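A quick write-up on the structure given underneath.
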Amino acid sequence: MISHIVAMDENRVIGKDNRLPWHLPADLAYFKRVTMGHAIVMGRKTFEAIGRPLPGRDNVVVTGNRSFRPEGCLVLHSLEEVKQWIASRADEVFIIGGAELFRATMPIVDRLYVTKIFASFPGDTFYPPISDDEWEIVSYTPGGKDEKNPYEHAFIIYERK
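Listed below in structure tokens is the structure:
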């Protein structure tokens, strides 16, 4: 199936000035372990902030510009190209970002891996609302606050009701 994977704070902030306002190694390691060997799908801003394809993942970028063609990535330019690509999928695919792409794909996704950080940070981009009428928690794992991870957090998995 197709899944969203995202880290957000108490107010659903997912970014500030194209960067993350927090640093949580535990979440980066979780993201890496979960996405390893799988396709990750991201918008242009997300790819740009990363700068290069993530190793061990099949990197996919969704942007319209046909001149945008970073090395080591599949680029999907239209709603038709994205659906056809989605239609052939068999393994779990991860949409990793861009509030815009998260919004565009919410309807074809059946699972959300949400890392909730229990703190508030400056933010200018947010993950959309998760409807209680549409989603329900199927897994919840408290995270470990320590010297490397300065905030309480939790790894949550939602699936459709």
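Here the entry's author numbering is used: position 2 in the sequence shown is 2, and no number is missing along the way. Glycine is no exception: its CB is placed at the ideal position from the N, C-alpha and C atoms.
Inset, instruction - Please state whether DSSP places residue 119 in a helix, a strand or coil. - result: Coil, per DSSP.
Inset, instruction - Write down the C-beta distance between residue 86 and residue 2 rounded to the nearest angstrom, noting that I regard them as a contact closer than 8 Å. - result: The distance from the Cβ of residue 86 to that of residue 2 is about 6 Å, consistent with a contact at the 8 Å cut-off.
Inset, instruction - Thinking residue 38 and residue 94 are a contact (beta carbons under 8 Å), I'd like their distance in whole angstroms, please. - result: The C-beta distance from residue 38 to residue 94 rounds to 6 Å, short enough to meet the 8 Å contact threshold.
Inset, instruction - Report the option in 12, 83, 30 and 41 whose CA atom is closest to the CA atom of residue 142. - result: Ranking 12, 83, 30 and 41 by Cα distance to residue 142 puts 30 first.
Legend entry - Reference residue 147, options 24, 17, 16 and 4, closest by Cα: Among 24, 17, 16 and 4, the Cα nearest to that of residue 147 is on 24.
Inset, instruction - Please list, in chain order, all residues of the same chain as residue 118 whose beta carbon is under 7 Å from its beta carbon, the five residues on each side excluded. - result: 10, 151, 152 and 153, listed in sequence order.
Legend entry - Secondary structure of residue 162, DSSP reduced to three states: The chain is shown from 1 up to 161; residue 162 falls before or after that span and cannot be answered.
Legend entry - residue 76 versus residue 97 - alpha carbon distance: Those two C-alpha atoms are separated by around 15 Å.
Inset, instruction - Give the single residue among 72, 100, 67 and 61 whose Cα lies nearest to the Cα of residue 81. - result: Looking at the Cα atoms, 61 is the closest of the given residues.
Inset, instruction - Note the first and the last residue of the continuous beta strand (DSSP E) segment covering residue 74. - result: Counting along the chain, the beta strand (DSSP E) containing residue 74 begins and ends at 74 to 76.
Legend entry - For residue 64 and residue 120, the rounded distance between their alpha carbons: If you take the alpha carbons of residue 120 and residue 64, they lie about 34 Å apart.
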